[PDB]
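Take a look at this one chain, the form deposited in one PDB entry, written out in structure tokens.
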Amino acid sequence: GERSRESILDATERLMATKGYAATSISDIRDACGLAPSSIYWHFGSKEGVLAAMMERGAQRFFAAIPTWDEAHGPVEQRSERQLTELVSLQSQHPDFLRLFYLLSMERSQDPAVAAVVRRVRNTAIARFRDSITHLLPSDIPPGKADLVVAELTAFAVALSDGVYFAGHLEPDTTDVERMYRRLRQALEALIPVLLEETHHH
């Protein structure tokens, strides 16, 4: 099934870019990838399902290009910096999967299969941020306390990172993605002791 699916998604991607969503028909997609409407529906159920799958595939490619903490090479002190430089580079490309993700997340989606796609991509991003953020804390924090601090830091980072995409979309000419992320790293470093102490009100 995989290869047919890839071909459908490639064609729909190019078509939507060209014509927009509304003007792109299943028949246009067939014309471009050589698979009959019957075969397209069999794989994606609907046009909206195709868009959702195109968004997920973009997301998977994005995440695969960012090393997990264990995959990052070089000194363990600089693994955090390697991850971040890959994020910066991918984000500064302004990838279309993100536009699609934010759009689908805000739409009150007609096709009920879209929500699961949105949820999966979102949870992956949160888990990936969590992964790297755990390594910013001192290693002597009791694990439960660390889980709390990391969760909060992770939400802050995910929020800032979401906003960076909007800045790139709406202020493309004045937005330095590398610099925004540097500010995030700096904010996280500062917030760590704050969260450690405020949490001690437990």
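We call the rigid core whatever largest set of C-alpha positions still superposes within 1.5 Å between the two forms. Residue indices: 1-based, along the sequence shown.
Below, we refer to the form deposited in another entry, which is not included among the displayed structures.
Visitor: With the core superposed, find the residue in 32, 148, 137, 158 that moves its CA 2 Å or more between this form and the one not shown.
Guide: So the residue whose C-alpha moves 2 Å or more is 32.
Visitor: Once everything's superposed on the core, is residue 15 shifted 2 Å or more at the Cα between this form and the one not shown?
Guide: Residue 15 C-alpha, core-superposed: shift of 2 Å or more.
Visitor: Taking the rigid core as reference, does the Cα of residue 76 move 2 Å or more between this form and the one not shown?
Guide: Yes.
Visitor: Would the C-alpha of residue 177 be classed as shifted by 2 Å or more between this form and the one not shown after rigid-core alignment?
Guide: No: residue 177 shifts by under 2 Å between this form and the one not shown.
Visitor: How does the C-alpha distance between residue 72 and residue 180 change in that other deposited form compared with the present structure, closer or farther, given a change of 3 angstroms or more?
Guide: Residues separate in that other deposited form, at least 3 Å farther apart.
Visitor: In that other deposited form, the Cα separation between residue 21 and residue 171 changes by 3 Å or more relative to the shown form; did it shrink or grow?
Guide: Closer, not farther.
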